[PDB]
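Text of the file my_file_3.pdb, holding PDB, C-alpha atoms and all ligand atoms:
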MODEL        1
ATOM      1  CA  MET C   1     102.924 110.505 117.903  1.00  0.00           C
ATOM      2  CA  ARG C   2     105.987 108.327 117.210  1.00  0.00           C
ATOM      3  CA  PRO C   3     103.840 106.231 114.816  1.00  0.00           C
ATOM      4  CA  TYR C   4     101.862 107.701 111.892  1.00  0.00           C
ATOM      5  CA  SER C   5      98.090 108.254 112.175  1.00  0.00           C
ATOM      6  CA  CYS C   6      94.948 107.815 110.049  1.00  0.00           C
ATOM      7  CA  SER C   7      95.204 111.613 109.704  1.00  0.00           C
ATOM      8  CA  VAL C   8      91.486 111.114 108.977  1.00  0.00           C
ATOM      9  CA  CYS C   9      89.871 108.649 111.405  1.00  0.00           C
ATOM     10  CA  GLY C  10      92.201 109.365 114.350  1.00  0.00           C
ATOM     11  CA  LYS C  11      94.024 106.026 114.716  1.00  0.00           C
ATOM     12  CA  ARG C  12      97.761 105.284 115.008  1.00  0.00           C
ATOM     13  CA  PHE C  13     100.110 103.300 112.733  1.00  0.00           C
ATOM     14  CA  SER C  14     103.899 102.888 112.471  1.00  0.00           C
ATOM     15  CA  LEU C  15     103.621 101.764 108.834  1.00  0.00           C
ATOM     16  CA  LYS C  16     102.875 104.643 106.437  1.00  0.00           C
ATOM     17  CA  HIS C  17     101.861 102.020 103.847  1.00  0.00           C
ATOM     18  CA  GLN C  18      99.564 100.343 106.400  1.00  0.00           C
ATOM     19  CA  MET C  19      97.838 103.656 107.199  1.00  0.00           C
ATOM     20  CA  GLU C  20      97.881 104.632 103.518  1.00  0.00           C
ATOM     21  CA  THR C  21      96.455 101.179 102.798  1.00  0.00           C
ATOM     22  CA  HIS C  22      93.708 102.022 105.303  1.00  0.00           C
ATOM     23  CA  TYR C  23      92.664 105.156 103.382  1.00  0.00           C
ATOM     24  CA  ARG C  24      91.309 102.706 100.786  1.00  0.00           C
ATOM     25  CA  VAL C  25      88.388 102.902 103.233  1.00  0.00           C
ATOM     26  CA  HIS C  26      87.770 106.632 102.712  1.00  0.00           C
ATOM     27  CA  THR C  27      86.650 105.858  99.141  1.00  0.00           C
ATOM     28  CA  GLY C  28      82.998 105.583  98.044  1.00  0.00           C
TER      29      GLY C  28
HETATM   30 ZN    ZN C 101      90.860 106.562 108.112  1.00  0.00          ZN
ENDMDL
END
Go ahead and render the structure in this file as structure tokens.
Amino acid sequence: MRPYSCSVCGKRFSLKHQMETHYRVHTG
């Protein structure tokens, strides 16, 4: 996948920070 990926949810992202910023959702 040219772009990164949620590596957890299964989405795609070309901005490591954006995806990494998404992990803030895997908290709890
Ligand atoms: Zn995720």
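Relative to atom CA of residue 2 of chain C, atom CA of residue 20 of chain C is found at 16.3 Å.
Taken over the whole file, the PyMOL selection byres (((chain C and resi 15) around 12) and not hetatm) covers exactly residues 2, 3, 4, 5, 6, 12, 13, 14, 16, 17, 18, 19, 20, 21 and 22 of chain C.
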Under the rule of at most 6 Å, produce a per-residue listing of chain C near ligand ZN 101 (chain C): chain, number, name, the closest pair of atoms, and the distance in Å, as CSV, using only C-alpha atoms and all ligand atoms.
residue,atom,partner,partner_atom,distance
C:6,CA,C:ZN101,ZN,4.7
C:8,CA,C:ZN101,ZN,4.7
C:9,CA,C:ZN101,ZN,4.0
C:23,CA,C:ZN101,ZN,5.3
Could segment 12-27 of chain C be completed with N, CA, C and O atoms and returned as an mmCIF file, in the coordinates of the input?
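The result, written out as rebuild.cif:
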data_model
loop_
_atom_site.group_PDB
_atom_site.id
_atom_site.type_symbol
_atom_site.label_atom_id
_atom_site.label_comp_id
_atom_site.auth_asym_id
_atom_site.auth_seq_id
_atom_site.Cartn_x
_atom_site.Cartn_y
_atom_site.Cartn_z
ATOM 1 N N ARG C 12 96.276 105.176 115.028
ATOM 2 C CA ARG C 12 97.761 105.284 115.008
ATOM 3 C C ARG C 12 98.352 104.142 114.178
ATOM 4 O O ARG C 12 97.799 103.063 114.104
ATOM 5 N N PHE C 13 99.477 104.372 113.554
ATOM 6 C CA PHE C 13 100.110 103.300 112.733
ATOM 7 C C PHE C 13 101.593 103.620 112.531
ATOM 8 O O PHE C 13 101.962 104.742 112.249
ATOM 9 N N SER C 14 102.443 102.640 112.665
ATOM 10 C CA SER C 14 103.899 102.888 112.471
ATOM 11 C C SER C 14 104.286 102.491 111.047
ATOM 12 O O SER C 14 105.445 102.493 110.680
ATOM 13 N N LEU C 15 103.319 102.156 110.238
ATOM 14 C CA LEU C 15 103.621 101.764 108.834
ATOM 15 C C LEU C 15 102.875 102.701 107.883
ATOM 16 O O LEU C 15 101.700 102.532 107.624
ATOM 17 N N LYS C 16 103.548 103.691 107.366
ATOM 18 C CA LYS C 16 102.875 104.643 106.437
ATOM 19 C C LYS C 16 102.055 103.858 105.411
ATOM 20 O O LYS C 16 100.919 104.184 105.130
ATOM 21 N N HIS C 17 102.618 102.823 104.849
ATOM 22 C CA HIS C 17 101.861 102.020 103.847
ATOM 23 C C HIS C 17 100.612 101.438 104.513
ATOM 24 O O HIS C 17 99.531 101.471 103.959
ATOM 25 N N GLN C 18 100.749 100.916 105.701
ATOM 26 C CA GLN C 18 99.564 100.343 106.400
ATOM 27 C C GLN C 18 98.490 101.426 106.516
ATOM 28 O O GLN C 18 97.363 101.243 106.100
ATOM 29 N N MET C 19 98.834 102.557 107.069
ATOM 30 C CA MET C 19 97.838 103.656 107.199
ATOM 31 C C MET C 19 97.358 104.048 105.804
ATOM 32 O O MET C 19 96.177 104.146 105.543
ATOM 33 N N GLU C 20 98.272 104.262 104.902
ATOM 34 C CA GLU C 20 97.881 104.632 103.518
ATOM 35 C C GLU C 20 96.994 103.529 102.953
ATOM 36 O O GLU C 20 96.055 103.778 102.222
ATOM 37 N N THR C 21 97.282 102.307 103.298
ATOM 38 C CA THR C 21 96.455 101.179 102.798
ATOM 39 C C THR C 21 95.087 101.250 103.467
ATOM 40 O O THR C 21 94.109 100.725 102.972
ATOM 41 N N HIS C 22 95.014 101.905 104.593
ATOM 42 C CA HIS C 22 93.708 102.022 105.303
ATOM 43 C C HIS C 22 92.842 103.071 104.604
ATOM 44 O O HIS C 22 91.636 102.950 104.537
ATOM 45 N N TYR C 23 93.450 104.100 104.079
ATOM 46 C CA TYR C 23 92.664 105.156 103.382
ATOM 47 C C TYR C 23 91.755 104.502 102.343
ATOM 48 O O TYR C 23 90.683 104.991 102.047
ATOM 49 N N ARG C 24 92.165 103.392 101.793
ATOM 50 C CA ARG C 24 91.309 102.706 100.786
ATOM 51 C C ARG C 24 89.907 102.548 101.373
ATOM 52 O O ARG C 24 89.010 102.023 100.746
ATOM 53 N N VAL C 25 89.721 103.007 102.580
ATOM 54 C CA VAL C 25 88.388 102.902 103.233
ATOM 55 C C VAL C 25 87.666 104.243 103.105
ATOM 56 O O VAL C 25 86.461 104.328 103.237
ATOM 57 N N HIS C 26 88.398 105.290 102.850
ATOM 58 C CA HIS C 26 87.770 106.632 102.712
ATOM 59 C C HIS C 26 87.252 106.812 101.283
ATOM 60 O O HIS C 26 86.951 107.909 100.856
ATOM 61 N N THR C 27 87.147 105.745 100.541
ATOM 62 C CA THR C 27 86.650 105.858 99.141
ATOM 63 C C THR C 27 85.122 105.953 99.147
ATOM 64 O O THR C 27 84.525 106.421 100.097
#
